[PDB]
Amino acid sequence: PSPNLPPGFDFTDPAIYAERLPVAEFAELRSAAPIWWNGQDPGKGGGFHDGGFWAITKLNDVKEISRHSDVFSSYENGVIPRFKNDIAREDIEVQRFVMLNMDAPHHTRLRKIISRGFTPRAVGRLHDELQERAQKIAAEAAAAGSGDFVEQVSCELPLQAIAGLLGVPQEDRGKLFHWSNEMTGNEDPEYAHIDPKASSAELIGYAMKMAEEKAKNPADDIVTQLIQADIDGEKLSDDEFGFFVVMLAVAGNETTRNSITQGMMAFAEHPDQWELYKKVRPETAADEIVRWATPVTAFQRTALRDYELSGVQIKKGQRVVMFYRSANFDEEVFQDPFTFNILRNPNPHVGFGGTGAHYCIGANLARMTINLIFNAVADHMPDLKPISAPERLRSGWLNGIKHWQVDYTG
């Protein structure tokens, strides 16, 4: 029995996500075809011209793919499964210069080096400044009376976390945030004029200057740890540091932002959970917010060899797309997946990916950012009420909220 889906339905179609999350359609796949060939017509593959991909809708399958990086490659086609339909292949392949889109051994070396900058100690060192900034952000928003929650509450703290972790001087944080904002969303009419190429080039230029500077003047950020050689001589070259900064500027911005906005939309829809949150401030809330928000709807891999996955024969060269948005609501794994439960524990969501070589190195920074902002929102605008519907982002792989007017005072 084929799944009950519109003909030609494409789970990476940005026009879907500009309007809604295709929740019923994912549930239909989990029930009727949990691994399903998602065909794509010529010219309508979001930059990929291979006729389609396998949709992976079950959490255990997402985990199996993520564990078997020796078979399922990030490098061959990158992990983003949708660009503009006319993107040039060469512009896909430049994604291979960042860790995210690298296979072992190149990935292994870089991840080892980069891990020096995401130690528990490094991230914990940011806690107090980010807590102060969260309080001020929420205080300033509450003072404005009403406004765009996305811009006045969700946007700033993730960017300040990247700035603090890298040690970007305050006067440069405006340009850092601009470069970060120019790298995402170019398929949405609101961002049709952003130039991700120019911004990445400018950011690499900035980052290599910083690398050269912080090498002369060792400062207690992660940068020194990254560009000073270890016993084996291992370190990021200046351009590798630049590629890392580009990666972090993209990774550390919109996904956490959209977690915050959709977490508050969930609280607005589930007032008992919001009352419980305000009273107890459970940090398990962060992971339920990430599960509920699944800010990365999907990442892909490419099979390097034939591989049988839950009874389906995957062929060498085919893409598989891990729909984290489906896996995070998998009825076989979660009890009442469509209940928003901020006490859910354990919460084995794949919002940060499946465990494996490419598991999100920023997961605990994101969780901290989320816990700190919602504490500040509870402290300063406990009674906020939405004014109108969120405006969703046109993207085939990011679950984004562009705008959401709320009354911070109720």
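Residues carry their position along the shown sequence, with the first being 1. In this text, the rigid core denotes the largest set of C-alpha atoms whose superposition between the two forms falls within 1.5 Å.
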* To do: Find the stretch among 183-191 and 305-313 with the larger RMS C-alpha deviation in 9 other deposited structures of this protein, all structures being superposed on the shown form by the rigid core.
  => 183-191
* **Core-aligned Cα RMS comparison in 9 other deposited structures of this protein - stretch that moves more, 320-328 or 244-252** => 244-252
* Quick one: is residue 218 left out in at least a third of the other entries we compared? -> yes
* Cross-entry absence of residue 231, a third or more of other PDB entries -> yes
* Asked: With respect to the recorded C-alpha B factors, which stretch has the higher mean value, 378-386 or 24-32?
  -> 378-386
* Asked: Mean C-alpha B-factor higher for 80-88, or for 229-237?
  -> 229-237
* To do: Have a look at 283, 156, 336, 254 and flag the one whose Cα has the highest B-factor in the entry.
  => 336
* Among 115, 302, 259, 101, which residue carries the highest C-alpha B-factor recorded in the PDB entry? -> 115
* Ordered by C-alpha B-factor within the chain, which third holds residue 267? Give me lowest, middle or highest, please. => middle
* Structure fact -> Assert third(CA B-factor, residue 273) within chain per record equals highest
* **residue 148 - which third its CA temperature factor falls in, relative to the rest of the chain** => middle
* Asked: Would the CA B-factor of residue 242 place it in the lowest, middle or highest third of its chain?
  -> middle
* To do: Would you mind checking where the Cα B-factor of residue 320 ranks among the modelled residues of its chain, as the lowest, middle or highest third?
  => lowest
